[PDB]
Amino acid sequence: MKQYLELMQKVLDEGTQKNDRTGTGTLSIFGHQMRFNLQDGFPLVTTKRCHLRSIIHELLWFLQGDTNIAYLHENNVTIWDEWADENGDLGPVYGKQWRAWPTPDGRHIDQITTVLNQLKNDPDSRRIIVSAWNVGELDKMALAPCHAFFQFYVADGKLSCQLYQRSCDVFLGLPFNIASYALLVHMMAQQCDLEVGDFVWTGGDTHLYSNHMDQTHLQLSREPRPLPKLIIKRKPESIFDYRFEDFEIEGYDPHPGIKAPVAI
C-alpha cells in the first residue's frame, strides 16, 4: 500500500545498522507515523498476498482473552508456536491484559468492555485507551507487547484508533498489525453504531532484518493495487461473538506472496 512501501524505503534510506538480540542485525529508524482512512478501503497490503484468515483468528484469540496457542494451532496460525512453553502458554500476553488486567489487589479490569461502554456512553472521552503494557507482569510474558497501547476517538459519528508500536518487524509483522487493528475498528464501530474514521499507526523501533533485503527490494518494485473492501456479514450481539465466517474481503487481488525467514 502507498504508506507501507514509503516506510519500507525510508527504512532502507535512513535506517541505522543495529545488532539486535537475535544477533541478525536490523536496519532501523525511530518514530514514524502513518494514517489510514478506513473509508478508502481495507488496509490489506496488495504488494504481497496476505491471508485475512490468520489475521482474523489472532484478533478473535485476543478478544477472548486467550494466551494459549492451541486455538491458533487448530486454525493453522503458527507464528506464536516458538514462544509458547510445552503446555502452549505465552504468559499474560495481549489477550490477558485486554480482558483481565490484574489489579495489585485481586480484581481484574476488562479493558474492551470499558472501551465499549465509553464509546456508547461517553464518545468524547479523551481516555478511551487499551494498554497491554502491564509493567508488573512483563517478566511472565514470553514476549513483551509489540503493539502495546491503543486509543479510540470519535469525531462526528466516526471511530478512529491510534496504535503505539514499540517494536516493528516491517516486512513480516506490519502487514498483519495494520489489518488486525483496521478490523477491530470495524467491529468496534458496528457494535457502537459509528462510521469508520482513520487508523493511525505510530512506531517506536521500526526495522527491517538484514535478511529481508532481497524480499524488500522485490516488494518495492510491485505496483500497489486498489484496496479491498471488508464486509461484515452479520451483526453479532457482542464484540465477543464474532467468528471467522462473519468477514469477507471483496476486490483483493494481490501480487504473489513473498517468503522470508522469521528471526528467533
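Take the two forms, superpose them, and find the largest set of C-alpha atoms that agree within 1.5 Å; that set is the rigid core. Numbering starts at 1 and follows the sequence shown.
99 to 107 against 76 to 84 - segment lying farther from this form in 6 other deposited structures of this protein (CA RMS, rigid core fit):
Greater root mean square C-alpha distance in 6 other deposited structures of this protein: 76 to 84.
Between 65 to 73 and 25 to 33, which one shows the bigger average Cα displacement from this form in 6 other deposited structures of this protein once the rigid core is aligned?
Stretch with the larger root mean square C-alpha distance in 6 other deposited structures of this protein: 65 to 73.
On mean C-alpha B-factor from the PDB entry, just flag whether 65 to 73 or 206 to 214 is the higher one.
For C-alpha atoms only, the mean B-factor is higher in 65 to 73.
Averaging C-alpha B-factors over each stretch, which comes out higher, 235 to 243 or 40 to 48?
The stretch with the larger average C-alpha B-factor is 235 to 243.
Highest-ranked of 141, 79, 189, 135 once sorted by CA temperature factor in the record
79 has the highest C-alpha B-factor of those listed.
Selection from 35, 32, 222, 53 [criterion: highest C-alpha temperature factor in the record]
Answer, based on the entry's C-alpha B-factors: 53.
Looking at the temperature factor on the CA atom of residue 227, which third of the chain's modelled residues does it land in?
Highest third.
Rank-wise, by C-alpha B-factor, drop residue 150 into the lowest, middle or highest third of its chain.
Lowest third of the chain for residue 150's C-alpha B-factor.
Comparing against every modelled residue in the chain, figure out the third that the C-alpha B-factor of residue 85 lands in (lowest, middle or highest).
CA B-factor rank for residue 85: highest third.
Going by the recorded CA B-factors, say which third of the chain residue 158 sits in, lowest, middle or highest.
Middle third.
By its CA B factor, does residue 105 count among the lowest, middle or highest third of the modelled residues in the chain?
It falls in the top third of the chain.
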